[PDB]
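One chain follows as structure tokens, the form solved without this ligand.
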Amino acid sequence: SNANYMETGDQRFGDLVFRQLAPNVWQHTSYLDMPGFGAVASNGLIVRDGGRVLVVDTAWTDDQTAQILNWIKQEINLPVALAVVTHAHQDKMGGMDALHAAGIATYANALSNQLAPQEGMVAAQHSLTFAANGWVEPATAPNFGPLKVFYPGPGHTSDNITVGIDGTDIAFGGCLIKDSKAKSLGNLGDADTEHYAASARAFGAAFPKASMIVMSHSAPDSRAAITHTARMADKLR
């Protein structure tokens, strides 16, 4: 349960893995086997804000996403107010149904909702919209607490968004940022290779105080993950 700094190690629950990040923040992790590679991790976040819990990124599947809700009931014992999912893809949207069944309000980039059916995903219930500088329109993100939503520009996909957690110095780059040892940009099937670099860089500028970068396929890293990701993307153009 990691109650204090002398109880450590990731918590295994079902097939899921949870790692505490800051006092109110955890990374949730699920796995799906992929041709030729094998098991691939997909990370998302759980934020405790006051008397509610906020989730970013469901798991790969409905039944894994259900497990996440269960773990929250056991370990945090708080209601889940809302969830924000970061683009329409199985790794971040696979479990929308489970969130919905649980009666949990869901939010995504309007564009992610427009693409969901074509990407084989269930759309979120609410749509976020963004200014030209990339920050979310606050009226579209009511009651987001510490979550600061930023759309960096096309990237891993054209709809990808990102989230800072105010006060924790943690920024979630999702599929857009890779860690500093990464050998490639991962899955580019949907990517905008022209704007990727600028988008990665825009993310770094949106959260200039983040000391912890959380991404989809790897353990959290330093800001060196932004820099390195941008250099890799520079090679795309």
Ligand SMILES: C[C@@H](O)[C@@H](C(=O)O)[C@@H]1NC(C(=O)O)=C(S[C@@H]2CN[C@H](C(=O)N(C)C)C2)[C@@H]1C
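By rigid core we mean the largest C-alpha set that fits within 1.5 Å across both forms. Start at 1 and count along the sequence shown; that's the residue number.
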| task | Name the stretch, 43-51 or 28-36, whose C-alpha atoms sit farther from the shown form on average in 5 other deposited structures of this protein, taking the rigid core as the superposition reference. | result | 28-36
| Stretch departing more from the displayed form, 53-61 or 183-191, Cα RMS in 5 other deposited structures of this protein (core fit) | 183-191
| message | Test of understanding: from the entry's C-alpha B-factors, which stretch has the higher mean, 201-209 or 179-187? | response | 179-187
| task | Averaging only over Cα atoms, indicate whether 72-80 or 143-151 has the higher B-factor in the PDB entry. | result | 72-80
| request: Compare the CA B factors listed in the entry for 101, 115, 163, 136 and report the winner. | output: 101
| request: Report the third (lowest, middle or highest) to which the CA temperature factor of residue 195 belongs, ranking only the modelled residues of the same chain. | output: lowest
| task | Sort the modelled residues of this chain by their C-alpha B factor and say whether residue 172 lands in the lowest, middle or highest third. | result | lowest
| note | Of the three thirds of Cα B-factor ranks in this chain, residue 225 occupies the lowest
| Ranked against its chain, the third holding the CA B-factor of residue 91 | middle
| message | Please say which third, lowest, middle or highest, residue 119 falls into when its CA temperature factor is compared across its chain. | response | middle
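Although it is not shown, the form deposited with this ligand bound is what the next lines describe.
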| task | Would you point out which of 47-55, 164-172, 206-214, 180-188 contains residues with a non-hydrogen atom within 4.5 Å of this ligand in the deposited bound form? | result | 180-188
| query | in the deposited bound form, does residue 125 have a heavy atom within 4.5 Å of this ligand? | reply | no
| field | Touches this ligand in the deposited bound form: residue 159 (any heavy atom, 4.5 Å) | value | no
| task | Give a yes or no for residue 140: in the deposited bound form, does one of its heavy atoms lie within 4.5 Å of a heavy atom belonging to this ligand? | result | no
| said: Against this ligand in the deposited bound form, would residue 40 count as a contact residue? Criterion: heavy atoms within 4.5 Å. | reply: yes
| Of 72-95, which residues get within 4.5 Å of this ligand in the deposited bound form if you count heavy atoms? | 87, 89, 90, 91
